[PDB]
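Residue numbers (the deposited numbering), protein chains in the order written: chain G, 1 to 37, 42 to 337, 348 to 379; chain H, 1 to 34, 41 to 379; chain M, 1 to 37, 41 to 336, 349 to 380.
Beta carbons: idealized from backbone N, C-alpha and C, even for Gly.
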Ligand SMILES: *Cc1c(COP(=O)(O)O)cnc(C)c1O
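This is the structure we're talking about:
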């Protein structure tokens, strides 16, 4: 089977015993045993396991892991490290990942270095003797900066390092870090994966047998596990991923090219524009660009006004749902991040209506 | 008797007492005493196979293991800590893993070298080097290594020439007759031939080396069971005919593929255009069923393989069934992409284990897959 | 013979035939022979130049010495040993003209370089290519006085097939002897501490190794960047007070470092003699003393020029290592802030030097 069939029949997609074409929702905490010696839903749940087998299946991993949130996943990953350990980080990583390091992992003995991941020499310049991991996020939030995964994972592998890739923006449908040399892939399932702005989840998967028990252990020992209801909803959502990503990309390309040719707009940030820094690299490691774009307008004070006069676009705090979201990283989630930077999550509505909502909003500034 | 007759009557192919034209399967762990004592030390079913492989490769003794890796492990168990080994850059990921993950932790060391370049091996020899591991033709780029040359150079230093002769079987290539000290096989492949047995085979020129290997077969305990021994031996009986058919099919397929507009480069030693074709012809009496080919558009390799309906998408090789894999997404997925291209392994490289089906059915399957990209 | 004595009677310090306590100046281009079959031509050999070369060999513990038209011409000749397609490691803050030598001269001749921090011994390990032939160290470093461990870098380079090349200009043969610490080639700008009198442009190069000596000789002769007899003699003359000058330089430099450090108006101070200096314990171990070279960055960065232009004793000029005090902003003439002031502390009375600084500080905010 191919990717789009896999989205539907991949992982575990059926109930063996009943023939049920969906995985049963296992609202249980405990299972009867049949001799002294599934045991507990913190360590094992058939509904979560189905979901986990599915993400492993999509990223080409040996095991999947489902978490209460994206951050519970990322946390569980970095729990593989001891105190005195050093980690290299992208300079515009998701705000919560940086906060995690700053205020949680530091207080417990880990250190970091903020580098430019598109500058492969900067990563070389920063490897300390106690460095153990490299954390990559491409495309990036909110500038959509592209990082060469294969090359980073190469630099990383010949040093004793771990390649950890937050693959949220480009989904397993568009990018597959594990097939480029990465060791661990992390997702916020809150976003594109479930796709309906109705589930908070995290997903992690890995190439490596040993890393798999390591993650397994800390998923269960720290206990940040995803519930069966959420698991089931996320898997349900994954079934339409292919269709949703195609439409996300179609709409995003239309919006990107609308903003680029627009007088009131200065810079557009989107991986699918040929004038995007590293467009060639993007095409080589991604099979598509997603729905995420930010843009900056010439008159920088008029940002709040523009965002607030949008009717169809929803002024909200997340991304990657069927509904379009609008945001200003400065006042929400310096370094390119002018305060007049508007970040659209382009959804799956009709492109004409999405273009019309942007027209009417510019026509007010 | 000639090679073809030897596959049927060589080693021990007959039960002396009963007359049975097939060696009996001794499913026994022990023997009464008043020349066998324990089946992990010696078993008449395994012994028969052992004699056969020694007899085919012109060795003094054979040793059957639970797996190809198990045999290669027994060989490398010869060396003490401090010893250093030269490995080919296109070594079986599992052989490379043995060193990287098992033997290193035990005190060995290696250096990776292109063995098709003889001066490279010379540049790499240290005072503490004791062995040279060769594999020709290679997986997946089918790159040839001058056996006689490498054996000789290695001999005139203090080195054991260890050759993995899996791909080009004892039917087409005999390393021991070209200066090699030890030959290793994955019996799992062409030797068994029916993708139904997992086995290692190891043979040697040298009585002293044989005592060493015998000791480690026994002390480490990674031996081959009597049932599989017998199964492997049964498979070997058609090795000749199967290889003839593999090669016929493979040639035909290679020739088809280079006629082909979408296909860029084809890697097969039986092609005159293959680097070292003339060398190939010197040390091999034939070529195997093993080939790869790269297509012009990388991203089209996935679709090509997916639409195949005769070739089985699989991990192994050397069976009567044709097998297809994409080394970059299967046998080599762990390795960073830019390193894979460094080693010649593009995402568009497709490896075929050409089976023994009707060549036309094999070709019609390739045509329809191209037709769909 | 001790170093203090060796500066006066070392190499050749006497005319053998006449008994002159000074080496005569051979302003000659050619010599009569009784050939066909000592001195033939002044480019190949001159008794005055040779005297100086023998002296430096003797000072650094070399087998041969080599006098050039400048510090650069020597460094040039050293790197002239290498074929095209070879690779070399460079300190991240080697001398400004040593970079400009590689950057613009030796590269286009088929040479390749990698800028590294050499005080990070693991960084040099990370940069070794199969075609790399030599490492080039410079400690203390211009103009930050960053210290590199000569003994270890030599070792790391020695177990690979590499040549250790050290620019010993700053910590002279009187304080540091790289050749005994596993270096292969040492190079000096004679223009600096060796001449001591800011009146000679010269370069000196010496080596441990017979075969390297043959090579450097060949390239000194073939390129012909040789030092003249009068300059050699003046250089030798200068070297005779080296010990005395270095002691006064250090005594003054330590006295200034401690003034600048305890000063409210100053931010950082770079001097290997300060206890609170990166690798101070390393300095003490490989060096017998700290020289007259120090730099400092002040709190008000924009008022660096006003400071320098109001100094009355220190001379605003373009060199170092002289009996008179020199000052420069190395940026106008990676650590180097456009307000870093570099001081070449002379051998004048420390009270006069400190009173020049007091009065200069007392004119800025
Ligand atoms: C939003 C986001 C997260 C956070 O996931 P939660 O579901 O908020 O835990 C993690 N990574 C990326 C890239 C995100 O965008």
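Going by the C-beta, is residue i closer than 7 Å to any heavy atom of ligand 1?
i                      : result
residue 74 of chain G  : yes
residue 100 of chain G : yes
residue 212 of chain M : no
residue 145 of chain G : yes
residue 204 of chain G : yes
residue 294 of chain G : no
residue 194 of chain G : yes
residue 209 of chain H : no
residue 28 of chain G  : no
residue 170 of chain G : yes
Would you say residue i reaches chain G, if we count a Cβ-Cβ gap shorter than 8 Å as a contact?
i                      : result
residue 345 of chain H : yes
residue 342 of chain H : yes
residue 376 of chain H : no
residue 190 of chain H : no
residue 125 of chain M : yes
residue 154 of chain H : no
residue 70 of chain H  : no
residue 321 of chain H : no
residue 310 of chain H : no
Please report whether the beta-carbon of residue i lies at a distance below 8 Å from any beta-carbon of chain H.
i                      : result
residue 211 of chain G : yes
residue 62 of chain G  : no
residue 2 of chain G   : yes
residue 183 of chain G : yes
residue 174 of chain G : no
By the three-class DSSP mapping on this structure, what secondary structure does residue i have?
i                      : result
residue 61 of chain H  : helix
residue 241 of chain G : helix
residue 205 of chain G : coil
residue 25 of chain H  : coil
residue 340 of chain H : coil
residue 271 of chain M : strand
residue 315 of chain H : coil
residue 196 of chain G : helix
residue 67 of chain H  : strand
residue 5 of chain M   : helix
residue 30 of chain H  : strand
residue 44 of chain M  : strand
residue 229 of chain G : strand
residue 124 of chain H : helix
residue 99 of chain M  : helix
8 Å is my cut-off, CB to CB: does residue i come that close to chain M?
i                      : result
residue 161 of chain G : no
residue 128 of chain G : yes
residue 131 of chain G : yes
Apply the 10 Å Cβ neighbour rule to residue i and answer buried if 16 or more other Cβ atoms are within range, or exposed otherwise.
i                      : result
residue 354 of chain H : buried
residue 219 of chain G : buried
residue 233 of chain M : exposed
residue 328 of chain G : buried
residue 36 of chain M  : exposed
residue 144 of chain M : buried
residue 307 of chain M : buried
residue 251 of chain G : buried
Report yes if the C-beta of residue i is less than 7 Å from at least one heavy atom of ligand 3; otherwise report no.
i                      : result
residue 115 of chain H : Among the ligands in the structure shown, ligand 3 does not appear; only ligand 1 can be found there.
Per DSSP, residue i forms a beta bridge with which residues?
i                      : result
residue 357 of chain M : M/298, M/331
residue 141 of chain H : H/170
residue 91 of chain G  : G/116, G/137
residue 74 of chain H  : Bridge partners of residue 74 of chain H: none, in fact.
residue 188 of chain M : M/168, M/210
residue 108 of chain H : Beta-bridge pairing links residue 108 of chain H to no other residue.
residue 326 of chain M : DSSP lists no partner for residue 326 of chain M.
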